[PDB]
Structure formats: structure tokens, C-alpha cells
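Here the structure is laid out as C-alpha cells; the discussion comes afterwards.
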Amino acid sequence: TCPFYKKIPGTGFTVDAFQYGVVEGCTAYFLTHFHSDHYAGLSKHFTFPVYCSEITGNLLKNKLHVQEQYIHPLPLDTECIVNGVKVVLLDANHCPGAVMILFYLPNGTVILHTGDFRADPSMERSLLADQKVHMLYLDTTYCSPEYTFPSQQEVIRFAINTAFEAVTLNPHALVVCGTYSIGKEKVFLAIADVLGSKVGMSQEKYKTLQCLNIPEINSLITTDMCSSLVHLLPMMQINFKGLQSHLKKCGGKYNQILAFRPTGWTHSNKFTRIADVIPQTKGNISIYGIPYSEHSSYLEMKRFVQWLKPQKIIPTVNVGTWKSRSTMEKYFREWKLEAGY
Ligand code: NI
């Protein structure tokens, strides 16, 4: 049964709640983004109205075959009316098509649901600035002060410089990047751009990227692996065995692999700077784990909440253990005492 933190009080609405069958009293199902823990349950047989971004709606139609008549895409940064309630979709700085949802309840309460997000000071100048928010349904993935990571820009600088150096030293090196969901496209696109190559990938992944409205994409990606020196593989294949096997398939075109796994956080973050990151190596294969996050760090999250000053916070992540829940509630109280709301 649907958990309380997926239900929007005073409405007929749910958020990211497609795996519970027909939810009692739900008149409209919102979907924040196309990640499987959030869309789990949708298919061509779904016949209730789904509200989402344009990009999410492209993916529902093309990847999951949801019929068009049930997809209701909304423009961003625009006041819209859904079943008699004003809503706004805002960019969540997560993966392509990911949104936060502002709900303006008929009684005057204003609710922000962040979906999954990476907080940023740029959000302090969207339509959020214009009214008070009473209740915050918060992505608390990294809600603990151990979670520090660099900016996305520092991480991409590291990856570009590393790949450019390796391939200039050895023009027969292949670069491989792992993926298993949408998101983090900058990693492989920025490396292909510095090398003057397209990114090669499976037909299924090319299909997915073609749903994303990324400008000039026909210019950056391809299904012709033979013409590409940056390849995308499933995340599960980014290990020494999987990469040795791939290099065999390339027919002697290449004699070295440099591979990247964009993780979120890993405990090498508490001791080491990005500058100082080193790969795991075996023979002619090297693997870099790079801390490219699409969720808020602890300090990014804290700054957003201290700016927004909500009256009540409802966590949406790490809610399954009493120790997690108690930890998070203690931080929320600190933040409120330090800022004075
Ligand atoms: Ni997500």
C-alpha cells in the first residue's frame, strides 16, 4: 500500500506512486522523472492521467509504450490547473526531464515536492522566491555531513583532462563510460567533444537519448561503434573481465582501455580531493570511479532548506529505519535553530 509521504493532502494527487495498483482516491498521478524506482508500475496498460515534463512524457510514450491520450506533459515555470488545483513544474537539476512540483492547495497551503534534486543557489531565483512554502517533501539521499562531493564542473574538468592526456599519449586507447539509467550524460558527451569523436552505443540506448531534447544530439552520438573512440556500456560491464571481453570485440583497433564509472558518493571522498583521484589498473585496463552526483550534498541541501524556511519537512529518502529517521530529524532541528525560523 502507498506510503503517506507519496500522497499530497487536500488533493486527489500522488507523486511517484505507480507500483501500488489503483490508489484509493487518486484522480491524477504525477511522475517527477524517468528513474525505475519512481516509474515502477507504468506500462501500455495504464489508463489514468499521468502528469509530467515533456521529456518524461517522450520517454513514457517511446520506452514504456504508455498511450498518448493518458500522457499530460506540462511546460516548466508556468502556472497550470490540474483537477482544479494550481501547480507549477520547476527544474530539479537531477537527470533530463526531472522536475520539482509546487502545489497551491485550495485552502491556501503551499507544498513543494522536490522529487530527486541537486539543490543549487539558482533555484533561489525561480518562482519559489514569490511565496511562502508551508510543507517540503525533501530528497534526503545524502542527508549527513559526511557527504561532501565536488561540483559537477570540477568532476567534468578532471574527466576531460584525463581522457585527452591518455588518448594523445596513445592514439590506440579506447575510452569506455558506464551507464544504467538516464542522467550524467555530460560525462560521456564532454569526453567525446574533447577527442573529436561521437559516442557509440547500443540501439536501445541511442533510442533513449533521442527522447531527451538535447541540442545538436545527432551531432554527438551514434550506433556505429566502429567509427567511435568513446563507447558506452552497461554499468555492470565496467570491471576487468567485462572490459577485456569488449576489447577483444574491437578486432585489434585498440590496445588499451581507459574506463569511467560515474558513481554518486564513495568514502574515498572523506580523505581525497578530485585532483588526487587514481584508477584501479590491471594490465592495459584502467578504471576511474568519479564522484559525479545528481543529488544534493549535505551542505547544498542545508543551504536550500535554510533559505526556503518551510514549516514542516517530510523526508522521501532513507525513511525505512528508525536510526535514519532520527538522524535526519536532528539535522532539521539544528538547521531551524541556527537560521531562526
Ligand atoms: Ni532519481
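Chain labels follow the order of the C-alpha cells: the first chain is A, the next B, and so on; residue numbering restarts at 1 in every chain, and ligands are counted from 1 in their shown order.
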Could you tell me, counting only C-alpha atoms and all ligand atoms, which protein and nucleic acid residues lie no more than 8 Å from ligand 1, written as a tab-separated table (two decimals) with N, CA, C and O atoms, in the first residue's frame?
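For reference, out_38.tsv as written:
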```
chain	number	residue	atom	x	y	z
A	33	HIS	N	10.31	12.09	-12.59
A	33	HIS	CA	11.41	11.79	-13.53
A	33	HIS	C	11.38	10.35	-13.91
A	33	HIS	O	10.82	9.53	-13.18
A	34	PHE	N	12.05	10.07	-15.01
A	34	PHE	CA	12.16	8.69	-15.54
A	34	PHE	C	13.34	7.89	-14.97
A	34	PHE	O	14.31	7.53	-15.73
A	35	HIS	N	13.29	7.55	-13.67
A	35	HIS	CA	14.14	6.55	-12.99
A	35	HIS	C	13.24	5.42	-12.46
A	35	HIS	O	12.12	5.70	-11.95
A	37	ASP	N	13.02	3.32	-9.90
A	37	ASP	CA	12.38	3.30	-8.54
A	37	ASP	C	11.16	4.23	-8.46
A	37	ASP	O	10.30	4.10	-7.54
A	38	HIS	N	11.09	5.24	-9.35
A	38	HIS	CA	9.97	6.16	-9.36
A	38	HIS	C	8.88	5.83	-10.34
A	38	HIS	O	7.68	6.01	-9.99
A	94	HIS	N	18.52	17.40	-11.71
A	94	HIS	CA	18.73	15.91	-11.50
A	94	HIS	C	19.12	15.38	-12.85
A	94	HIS	O	20.19	15.84	-13.37
A	95	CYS	N	18.35	14.49	-13.46
A	95	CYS	CA	18.57	13.96	-14.83
A	95	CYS	C	17.68	14.72	-15.83
A	95	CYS	O	16.78	15.50	-15.39
A	115	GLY	N	10.94	15.97	-5.75
A	115	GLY	CA	11.32	14.75	-6.43
A	115	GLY	C	12.73	14.38	-5.99
A	115	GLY	O	13.10	14.56	-4.84
A	116	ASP	N	13.54	13.90	-6.95
A	116	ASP	CA	15.03	13.80	-6.74
A	116	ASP	C	15.64	15.12	-7.28
A	116	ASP	O	15.26	15.63	-8.35
A	117	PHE	N	16.53	15.73	-6.50
A	117	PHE	CA	17.14	17.06	-6.91
A	117	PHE	C	18.58	17.21	-6.42
A	117	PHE	O	18.99	16.58	-5.43
A	294	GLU	N	24.13	13.62	-9.01
A	294	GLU	CA	22.88	14.35	-9.35
A	294	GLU	C	21.90	14.48	-8.17
A	294	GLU	O	20.71	14.75	-8.36
```
With only C-alpha atoms counted and 8 Å as the cut-off, give the residues of region 151-238 of chain A in contact with region 252-258 of chain A, each with its shortest interatomic distance in Å and the pair that gives it, as JSON lines.
```
{"residue": "A:163", "atom": "CA", "partner": "A:258", "partner_atom": "CA", "distance": 7.5}
{"residue": "A:166", "atom": "CA", "partner": "A:258", "partner_atom": "CA", "distance": 7.8}
{"residue": "A:172", "atom": "CA", "partner": "A:254", "partner_atom": "CA", "distance": 4.8}
{"residue": "A:173", "atom": "CA", "partner": "A:256", "partner_atom": "CA", "distance": 4.7}
{"residue": "A:174", "atom": "CA", "partner": "A:257", "partner_atom": "CA", "distance": 4.9}
{"residue": "A:175", "atom": "CA", "partner": "A:258", "partner_atom": "CA", "distance": 4.9}
{"residue": "A:176", "atom": "CA", "partner": "A:258", "partner_atom": "CA", "distance": 6.3}
```
I'd like the contact shell of residue 309 (chain A) - 12 Å cut-off, only C-alpha atoms, skipping same-chain residues fewer than 2 positions apart - returned as a PDB file with N, CA and C atoms, in the first residue's frame.
```pdb
ATOM      1  N   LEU A 112       5.865  22.140  -1.645  1.00  0.00           N
ATOM      2  CA  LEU A 112       6.926  21.806  -2.640  1.00  0.00           C
ATOM      3  C   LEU A 112       7.323  20.336  -2.471  1.00  0.00           C
ATOM      4  N   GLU A 124      16.949  29.744  -5.974  1.00  0.00           N
ATOM      5  CA  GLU A 124      16.537  30.809  -5.035  1.00  0.00           C
ATOM      6  C   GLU A 124      15.989  31.947  -5.935  1.00  0.00           C
ATOM      7  N   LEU A 128       9.983  29.977  -6.907  1.00  0.00           N
ATOM      8  CA  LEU A 128       9.954  29.720  -5.476  1.00  0.00           C
ATOM      9  C   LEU A 128      10.100  30.958  -4.651  1.00  0.00           C
ATOM     10  N   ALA A 129      10.733  31.974  -5.186  1.00  0.00           N
ATOM     11  CA  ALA A 129      11.058  33.186  -4.426  1.00  0.00           C
ATOM     12  C   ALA A 129       9.790  34.000  -4.041  1.00  0.00           C
ATOM     13  N   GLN A 131       6.473  33.236  -3.093  1.00  0.00           N
ATOM     14  CA  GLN A 131       5.592  32.942  -1.967  1.00  0.00           C
ATOM     15  C   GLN A 131       6.195  31.970  -0.963  1.00  0.00           C
ATOM     16  N   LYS A 132       5.555  31.968   0.173  1.00  0.00           N
ATOM     17  CA  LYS A 132       5.820  31.111   1.277  1.00  0.00           C
ATOM     18  C   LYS A 132       5.450  29.664   0.919  1.00  0.00           C
ATOM     19  N   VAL A 133       6.290  28.706   1.371  1.00  0.00           N
ATOM     20  CA  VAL A 133       6.040  27.268   1.323  1.00  0.00           C
ATOM     21  C   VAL A 133       5.893  26.720   2.683  1.00  0.00           C
ATOM     22  N   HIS A 134       4.792  26.059   2.934  1.00  0.00           N
ATOM     23  CA  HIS A 134       4.482  25.541   4.234  1.00  0.00           C
ATOM     24  C   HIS A 134       5.047  24.187   4.461  1.00  0.00           C
ATOM     25  N   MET A 135       4.921  23.257   3.477  1.00  0.00           N
ATOM     26  CA  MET A 135       5.382  21.853   3.639  1.00  0.00           C
ATOM     27  C   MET A 135       6.337  21.476   2.479  1.00  0.00           C
ATOM     28  N   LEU A 136       7.439  20.820   2.845  1.00  0.00           N
ATOM     29  CA  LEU A 136       8.565  20.421   1.899  1.00  0.00           C
ATOM     30  C   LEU A 136       8.684  18.874   1.930  1.00  0.00           C
ATOM     31  N   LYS A 302      21.261  21.655   3.075  1.00  0.00           N
ATOM     32  CA  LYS A 302      21.122  22.577   4.241  1.00  0.00           C
ATOM     33  C   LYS A 302      20.897  24.071   3.778  1.00  0.00           C
ATOM     34  N   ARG A 303      21.660  24.517   2.808  1.00  0.00           N
ATOM     35  CA  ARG A 303      21.510  25.909   2.326  1.00  0.00           C
ATOM     36  C   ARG A 303      20.125  26.135   1.737  1.00  0.00           C
ATOM     37  N   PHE A 304      19.648  25.213   0.894  1.00  0.00           N
ATOM     38  CA  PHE A 304      18.311  25.320   0.327  1.00  0.00           C
ATOM     39  C   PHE A 304      17.236  25.396   1.351  1.00  0.00           C
ATOM     40  N   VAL A 305      17.242  24.472   2.307  1.00  0.00           N
ATOM     41  CA  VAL A 305      16.197  24.447   3.315  1.00  0.00           C
ATOM     42  C   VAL A 305      16.236  25.702   4.218  1.00  0.00           C
ATOM     43  N   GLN A 306      17.424  26.133   4.583  1.00  0.00           N
ATOM     44  CA  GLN A 306      17.591  27.363   5.481  1.00  0.00           C
ATOM     45  C   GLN A 306      17.113  28.584   4.702  1.00  0.00           C
ATOM     46  N   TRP A 307      17.241  28.573   3.356  1.00  0.00           N
ATOM     47  CA  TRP A 307      16.701  29.689   2.520  1.00  0.00           C
ATOM     48  C   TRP A 307      15.190  29.619   2.413  1.00  0.00           C
ATOM     49  N   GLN A 311       7.644  25.255   7.099  1.00  0.00           N
ATOM     50  CA  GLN A 311       7.110  24.963   8.413  1.00  0.00           C
ATOM     51  C   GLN A 311       7.204  23.507   8.811  1.00  0.00           C
ATOM     52  N   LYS A 312       7.152  22.618   7.836  1.00  0.00           N
ATOM     53  CA  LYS A 312       7.232  21.195   8.089  1.00  0.00           C
ATOM     54  C   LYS A 312       8.046  20.519   6.954  1.00  0.00           C
ATOM     55  N   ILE A 313       8.935  19.560   7.336  1.00  0.00           N
ATOM     56  CA  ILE A 313       9.729  18.759   6.347  1.00  0.00           C
ATOM     57  C   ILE A 313       9.310  17.293   6.427  1.00  0.00           C
ATOM     58  N   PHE A 332      17.384  18.557  10.808  1.00  0.00           N
ATOM     59  CA  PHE A 332      16.349  19.539  10.535  1.00  0.00           C
ATOM     60  C   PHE A 332      16.181  20.585  11.687  1.00  0.00           C
ATOM     61  N   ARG A 333      16.250  20.076  12.885  1.00  0.00           N
ATOM     62  CA  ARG A 333      16.134  20.963  14.104  1.00  0.00           C
ATOM     63  C   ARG A 333      17.327  21.860  14.216  1.00  0.00           C
ATOM     64  N   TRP A 335      19.191  22.910  11.771  1.00  0.00           N
ATOM     65  CA  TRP A 335      19.093  23.964  10.736  1.00  0.00           C
ATOM     66  C   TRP A 335      18.152  25.074  11.101  1.00  0.00           C
ATOM     67  N   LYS A 336      17.010  24.718  11.659  1.00  0.00           N
ATOM     68  CA  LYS A 336      15.964  25.684  12.031  1.00  0.00           C
ATOM     69  C   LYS A 336      16.463  26.566  13.178  1.00  0.00           C
ATOM     70  N   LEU A 337      17.130  25.996  14.191  1.00  0.00           N
ATOM     71  CA  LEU A 337      17.675  26.815  15.331  1.00  0.00           C
ATOM     72  C   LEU A 337      18.780  27.753  14.861  1.00  0.00           C
ATOM     73  N   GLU A 338      19.642  27.295  13.974  1.00  0.00           N
ATOM     74  CA  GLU A 338      20.760  28.114  13.530  1.00  0.00           C
ATOM     75  C   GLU A 338      20.199  29.271  12.719  1.00  0.00           C
ATOM     76  N   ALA A 339      19.224  29.058  11.836  1.00  0.00           N
ATOM     77  CA  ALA A 339      18.708  30.145  10.975  1.00  0.00           C
ATOM     78  C   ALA A 339      17.653  31.003  11.631  1.00  0.00           C
ATOM     79  N   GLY A 340      16.919  30.488  12.599  1.00  0.00           N
ATOM     80  CA  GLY A 340      15.921  31.299  13.331  1.00  0.00           C
ATOM     81  C   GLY A 340      14.460  31.267  12.916  1.00  0.00           C
ATOM     82  N   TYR A 341      14.075  30.352  12.020  1.00  0.00           N
ATOM     83  CA  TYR A 341      12.688  30.195  11.598  1.00  0.00           C
ATOM     84  C   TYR A 341      12.012  29.249  12.560  1.00  0.00           C
TER      85      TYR A 341
END
```
Practice item. Just the residues within 9 Å of residue 46 (chain A), please, counting only C-alpha atoms, with nothing from its chain fewer than 4 positions along; format it as a ChimeraX atom specification. Key: /A:41-42,66-67,70
DSSP-assigned helix (DSSP H, G or I) among region 49-289 of chain A, expressed as a compact mmCIF listing (two decimals) with N, CA and C atoms, in the first residue's frame:
```txt
# COMPACT_ATOMS: atom_id res chain seq x y z
N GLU A 54 7.66 17.42 -20.48
CA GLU A 54 7.72 16.99 -21.91
C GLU A 54 8.70 15.82 -22.11
N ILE A 55 9.94 15.98 -21.57
CA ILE A 55 10.93 14.91 -21.77
C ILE A 55 10.50 13.60 -21.14
N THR A 56 10.01 13.65 -19.86
CA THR A 56 9.48 12.44 -19.25
C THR A 56 8.35 11.81 -20.12
N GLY A 57 7.50 12.68 -20.66
CA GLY A 57 6.39 12.17 -21.50
C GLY A 57 6.91 11.50 -22.80
N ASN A 58 7.99 11.99 -23.39
CA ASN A 58 8.65 11.32 -24.58
C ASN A 58 9.08 9.91 -24.22
N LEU A 59 9.70 9.76 -23.02
CA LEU A 59 10.19 8.51 -22.56
C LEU A 59 9.04 7.53 -22.23
N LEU A 60 7.99 8.00 -21.58
CA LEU A 60 6.82 7.13 -21.28
C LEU A 60 6.22 6.53 -22.59
N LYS A 61 6.07 7.38 -23.57
CA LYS A 61 5.45 7.01 -24.92
C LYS A 61 6.39 6.05 -25.63
N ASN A 62 7.69 6.35 -25.69
CA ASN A 62 8.62 5.57 -26.56
C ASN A 62 9.24 4.38 -25.90
N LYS A 63 9.62 4.47 -24.62
CA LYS A 63 10.20 3.38 -23.90
C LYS A 63 9.25 2.45 -23.20
N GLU A 68 -0.63 7.80 -25.63
CA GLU A 68 -0.61 9.24 -25.71
C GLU A 68 -1.77 9.94 -25.01
N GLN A 69 -2.98 9.43 -25.21
CA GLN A 69 -4.18 10.01 -24.58
C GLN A 69 -4.13 10.12 -23.02
N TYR A 70 -3.32 9.29 -22.36
CA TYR A 70 -3.12 9.37 -20.92
C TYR A 70 -1.90 10.21 -20.45
N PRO A 121 22.00 27.27 -5.77
CA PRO A 121 21.56 28.69 -5.49
C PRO A 121 20.67 29.26 -6.62
N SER A 122 20.82 28.82 -7.89
CA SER A 122 19.95 29.27 -8.95
C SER A 122 18.47 29.06 -8.68
N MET A 123 18.12 28.08 -7.85
CA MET A 123 16.72 27.82 -7.50
C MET A 123 16.09 28.95 -6.65
N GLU A 124 16.95 29.74 -5.97
CA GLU A 124 16.54 30.81 -5.03
C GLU A 124 15.99 31.95 -5.94
N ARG A 125 16.18 31.90 -7.26
CA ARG A 125 15.53 32.85 -8.18
C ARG A 125 14.54 32.36 -9.20
N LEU A 127 10.36 30.78 -9.60
CA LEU A 127 9.06 31.07 -8.94
C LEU A 127 8.98 30.67 -7.48
N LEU A 128 9.98 29.98 -6.91
CA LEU A 128 9.95 29.72 -5.48
C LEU A 128 10.10 30.96 -4.65
N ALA A 129 10.73 31.97 -5.19
CA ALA A 129 11.06 33.19 -4.43
C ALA A 129 9.79 34.00 -4.04
N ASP A 130 8.73 33.78 -4.79
CA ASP A 130 7.50 34.63 -4.84
C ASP A 130 6.40 34.37 -3.82
N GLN A 152 29.95 19.51 -10.19
CA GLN A 152 29.89 18.80 -11.45
C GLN A 152 30.98 19.34 -12.43
N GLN A 153 31.20 20.67 -12.42
CA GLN A 153 32.16 21.28 -13.31
C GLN A 153 33.59 20.77 -13.01
N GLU A 154 33.97 20.67 -11.76
CA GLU A 154 35.34 20.12 -11.37
C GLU A 154 35.51 18.70 -11.82
N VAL A 155 34.47 17.87 -11.63
CA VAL A 155 34.49 16.48 -12.00
C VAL A 155 34.64 16.35 -13.51
N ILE A 156 33.90 17.14 -14.30
CA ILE A 156 34.00 17.06 -15.80
C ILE A 156 35.39 17.56 -16.23
N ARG A 157 35.91 18.61 -15.60
CA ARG A 157 37.29 19.03 -15.91
C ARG A 157 38.32 17.90 -15.73
N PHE A 158 38.22 17.19 -14.62
CA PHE A 158 39.09 16.02 -14.33
C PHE A 158 38.94 14.97 -15.46
N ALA A 159 37.70 14.61 -15.79
CA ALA A 159 37.47 13.56 -16.79
C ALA A 159 38.03 13.98 -18.19
N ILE A 160 37.73 15.20 -18.64
CA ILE A 160 38.22 15.69 -19.96
C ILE A 160 39.74 15.65 -20.01
N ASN A 161 40.35 16.16 -18.95
CA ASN A 161 41.87 16.29 -18.95
C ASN A 161 42.48 14.89 -18.93
N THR A 162 41.94 13.96 -18.13
CA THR A 162 42.39 12.58 -18.06
C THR A 162 42.28 11.80 -19.39
N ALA A 163 41.14 11.90 -20.06
CA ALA A 163 40.87 11.23 -21.31
C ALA A 163 41.77 11.84 -22.45
N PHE A 164 41.83 13.18 -22.53
CA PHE A 164 42.62 13.88 -23.55
C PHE A 164 44.09 13.47 -23.39
N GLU A 165 44.59 13.47 -22.16
CA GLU A 165 46.02 13.05 -21.96
C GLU A 165 46.24 11.62 -22.40
N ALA A 166 45.42 10.67 -21.96
CA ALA A 166 45.64 9.27 -22.28
C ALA A 166 45.62 8.97 -23.79
N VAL A 167 44.67 9.56 -24.52
CA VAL A 167 44.48 9.28 -25.92
C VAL A 167 45.55 10.00 -26.80
N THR A 168 46.02 11.12 -26.31
CA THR A 168 47.13 11.86 -27.02
C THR A 168 48.41 11.12 -26.83
N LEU A 169 48.61 10.51 -25.67
CA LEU A 169 49.82 9.63 -25.45
C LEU A 169 49.73 8.34 -26.26
N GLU A 185 24.84 12.47 -18.55
CA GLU A 185 25.22 12.45 -19.99
C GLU A 185 26.41 13.34 -20.22
N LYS A 186 26.59 14.43 -19.41
CA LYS A 186 27.73 15.32 -19.58
C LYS A 186 29.06 14.56 -19.55
N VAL A 187 29.17 13.49 -18.77
CA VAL A 187 30.42 12.76 -18.62
C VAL A 187 30.90 12.30 -20.03
N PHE A 188 30.08 11.56 -20.73
CA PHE A 188 30.49 10.92 -21.99
C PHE A 188 30.44 11.95 -23.08
N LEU A 189 29.52 12.89 -23.04
CA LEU A 189 29.45 13.94 -24.11
C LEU A 189 30.67 14.86 -24.04
N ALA A 190 31.13 15.24 -22.87
CA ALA A 190 32.26 16.17 -22.74
C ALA A 190 33.56 15.47 -23.20
N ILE A 191 33.70 14.19 -22.87
CA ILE A 191 34.92 13.43 -23.27
C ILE A 191 34.90 13.29 -24.81
N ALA A 192 33.79 12.89 -25.41
CA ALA A 192 33.72 12.74 -26.90
C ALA A 192 34.04 14.10 -27.60
N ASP A 193 33.53 15.18 -27.06
CA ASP A 193 33.80 16.55 -27.61
C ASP A 193 35.33 16.87 -27.61
N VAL A 194 36.05 16.58 -26.52
CA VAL A 194 37.49 16.93 -26.49
C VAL A 194 38.27 16.04 -27.44
N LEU A 195 37.78 14.82 -27.70
CA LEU A 195 38.51 13.85 -28.53
C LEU A 195 38.14 13.99 -30.02
N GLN A 203 21.59 0.25 -29.86
CA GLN A 203 20.36 0.88 -30.41
C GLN A 203 19.37 1.32 -29.31
N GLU A 204 19.23 0.51 -28.27
CA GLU A 204 18.28 0.78 -27.15
C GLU A 204 18.70 2.09 -26.44
N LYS A 205 20.02 2.23 -26.13
CA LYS A 205 20.47 3.49 -25.51
C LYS A 205 20.39 4.69 -26.43
N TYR A 206 20.71 4.54 -27.75
CA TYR A 206 20.52 5.65 -28.69
C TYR A 206 19.04 6.14 -28.72
N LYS A 207 18.12 5.16 -28.71
CA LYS A 207 16.66 5.44 -28.70
C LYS A 207 16.33 6.34 -27.48
N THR A 208 16.78 5.89 -26.34
CA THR A 208 16.57 6.65 -25.07
C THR A 208 17.12 8.08 -25.15
N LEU A 209 18.33 8.25 -25.63
CA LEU A 209 18.90 9.60 -25.73
C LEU A 209 18.18 10.49 -26.73
N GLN A 210 17.67 9.86 -27.81
CA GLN A 210 16.85 10.65 -28.77
C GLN A 210 15.53 11.22 -28.20
N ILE A 217 22.17 16.78 -30.69
CA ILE A 217 22.45 15.36 -30.36
C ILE A 217 22.79 14.49 -31.59
N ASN A 218 22.13 14.67 -32.71
CA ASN A 218 22.50 13.85 -33.89
C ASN A 218 24.02 14.05 -34.20
N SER A 219 24.56 15.24 -33.85
CA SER A 219 25.99 15.54 -33.97
C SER A 219 26.90 14.85 -32.98
N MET A 225 29.65 1.67 -33.83
CA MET A 225 30.73 1.60 -32.83
C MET A 225 32.10 1.75 -33.51
N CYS A 226 32.21 1.23 -34.75
CA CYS A 226 33.49 1.25 -35.47
C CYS A 226 34.02 2.61 -35.77
N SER A 227 33.16 3.61 -35.85
CA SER A 227 33.60 4.93 -36.14
C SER A 227 33.89 5.78 -34.86
N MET A 235 26.63 -0.42 -16.95
CA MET A 235 27.43 -0.21 -15.72
C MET A 235 28.02 -1.54 -15.17
N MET A 236 27.23 -2.60 -15.29
CA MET A 236 27.65 -3.95 -14.90
C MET A 236 28.82 -4.53 -15.64
N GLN A 237 29.12 -4.03 -16.83
CA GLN A 237 30.26 -4.48 -17.59
C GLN A 237 31.58 -3.68 -17.28
N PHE A 240 37.20 -5.54 -14.82
CA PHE A 240 38.28 -6.03 -15.71
C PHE A 240 37.89 -7.13 -16.71
N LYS A 241 37.07 -8.08 -16.29
CA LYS A 241 36.56 -9.15 -17.17
C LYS A 241 35.68 -8.61 -18.31
N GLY A 242 34.73 -7.74 -17.94
CA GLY A 242 33.85 -7.16 -18.95
C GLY A 242 34.54 -6.32 -19.98
N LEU A 243 35.55 -5.60 -19.54
CA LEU A 243 36.32 -4.70 -20.42
C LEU A 243 37.33 -5.43 -21.29
N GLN A 244 37.98 -6.47 -20.75
CA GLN A 244 38.85 -7.39 -21.55
C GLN A 244 38.05 -7.98 -22.71
N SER A 245 36.85 -8.47 -22.41
CA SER A 245 35.95 -9.01 -23.42
C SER A 245 35.56 -8.02 -24.48
N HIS A 246 35.21 -6.80 -24.07
CA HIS A 246 34.91 -5.78 -25.03
C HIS A 246 36.09 -5.47 -25.97
N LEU A 247 37.29 -5.39 -25.41
CA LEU A 247 38.47 -5.03 -26.19
C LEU A 247 38.75 -6.12 -27.26
N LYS A 248 38.50 -7.38 -26.89
CA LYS A 248 38.55 -8.48 -27.90
C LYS A 248 37.61 -8.21 -29.08
N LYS A 249 36.39 -7.78 -28.80
CA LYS A 249 35.43 -7.47 -29.87
C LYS A 249 35.81 -6.37 -30.83
N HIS A 267 33.18 6.71 0.05
CA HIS A 267 34.15 7.04 1.19
C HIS A 267 35.60 7.47 0.91
N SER A 268 36.11 7.22 -0.30
CA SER A 268 37.30 7.95 -0.77
C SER A 268 37.12 9.52 -0.81
N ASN A 269 35.87 10.01 -0.77
CA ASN A 269 35.51 11.46 -0.66
C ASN A 269 35.89 12.15 0.66
N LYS A 270 35.86 11.41 1.77
CA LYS A 270 36.21 11.93 3.11
C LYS A 270 37.72 12.16 3.33
```
**Study point:** A:279, A:32, A:171, A:43 ranked by distance to residue 100 (chain A), top pick (using only C-alpha atoms)
**Key:** A:32
Exercise for review: Enter the distance from CA of residue 329 (chain A) to CA of residue 301 (chain A), in Å, rounded to one decimal.
Suggested key: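 Computed distance, CA of residue 329 (chain A) to CA of residue 301 (chain A), equals 13.8 Å.
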Point to revise | Spatial neighbours of residue 300 (chain A), max dist 9 Å, only C-alpha atoms, sep filter under 6 positions, as an MDAnalysis selection string | key: chainID A and resid 118:121
Resulting file, chosen residues, N, CA and C atoms, as a PDB file, in the first residue's frame:
```
ATOM      1  N   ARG A 118      19.335  18.083  -7.096  1.00  0.00           N
ATOM      2  CA  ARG A 118      20.609  18.578  -6.605  1.00  0.00           C
ATOM      3  C   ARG A 118      20.435  20.100  -6.348  1.00  0.00           C
ATOM      4  N   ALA A 119      20.182  20.500  -5.095  1.00  0.00           N
ATOM      5  CA  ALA A 119      19.994  21.892  -4.781  1.00  0.00           C
ATOM      6  C   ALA A 119      21.048  22.764  -5.298  1.00  0.00           C
ATOM      7  N   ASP A 120      20.575  23.945  -5.756  1.00  0.00           N
ATOM      8  CA  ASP A 120      21.507  24.933  -6.307  1.00  0.00           C
ATOM      9  C   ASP A 120      21.034  26.347  -5.991  1.00  0.00           C
ATOM     10  N   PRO A 121      22.004  27.272  -5.773  1.00  0.00           N
ATOM     11  CA  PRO A 121      21.559  28.687  -5.489  1.00  0.00           C
ATOM     12  C   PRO A 121      20.674  29.264  -6.622  1.00  0.00           C
TER      13      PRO A 121
END
```
Practice item. Would you list the contacts of residue 15 (chain A) as a ChimeraX atom specification, taking every protein, DNA or RNA residue within 10 Å and counting only C-alpha atoms, but skipping same-chain residues closer than 5 positions in sequence? Key: /A:5-8,28-32,38-39,50-51,101,113,115
Save the residues we just selected, C-alpha atoms, as a PDB file, in the first residue's frame?
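Result file follows (out06.pdb):
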```
ATOM      1  CA  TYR A   5       4.956  10.530   2.014  1.00  0.00           C
ATOM      2  CA  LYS A   6       3.732   9.884  -1.632  1.00  0.00           C
ATOM      3  CA  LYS A   7       0.326  11.441  -1.004  1.00  0.00           C
ATOM      4  CA  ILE A   8      -0.497  15.207  -1.334  1.00  0.00           C
ATOM      5  CA  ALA A  28      -4.098  12.232 -11.075  1.00  0.00           C
ATOM      6  CA  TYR A  29      -0.661  10.503 -10.790  1.00  0.00           C
ATOM      7  CA  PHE A  30       2.378  12.788 -11.068  1.00  0.00           C
ATOM      8  CA  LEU A  31       5.834  11.444 -12.167  1.00  0.00           C
ATOM      9  CA  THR A  32       8.860  13.600 -11.219  1.00  0.00           C
ATOM     10  CA  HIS A  38       9.967   6.164  -9.362  1.00  0.00           C
ATOM     11  CA  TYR A  39       8.150   4.915 -12.560  1.00  0.00           C
ATOM     12  CA  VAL A  50      -0.098  10.953 -15.800  1.00  0.00           C
ATOM     13  CA  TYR A  51       1.259  14.435 -15.343  1.00  0.00           C
ATOM     14  CA  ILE A 101       6.282  20.215  -8.209  1.00  0.00           C
ATOM     15  CA  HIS A 113       7.774  18.178  -3.628  1.00  0.00           C
ATOM     16  CA  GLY A 115      11.324  14.751  -6.428  1.00  0.00           C
TER      17      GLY A 115
END
```
**Study point:** Contacts of residue 197 (chain A) within 9 Å, only C-alpha atoms, excl. fewer than 6 positions in-chain, as a list in words
**Key:**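 Selected residues are residues 191, 220, 221, 227, 228, 229 and 230 of chain A.
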Exercise for review: Quick one: pull the distance between CA of residue 92 (chain A) and CA of residue 299 (chain A), Å, one decimal.
Suggested key: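 Result for CA of residue 92 (chain A) versus CA of residue 299 (chain A): 16.8 Å, one decimal.
Relative to CA of residue 83 (chain A), CA of residue 12 (chain A) is found at 8.2 Å.
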Practice item. Enumerate the residues of region 61-112 of chain A with a DSSP assignment of strand (DSSP E or B), computed from the backbone, and present them as a ChimeraX atom specification. Key: /A:71-74,80-82,85-91,99-104,110-112
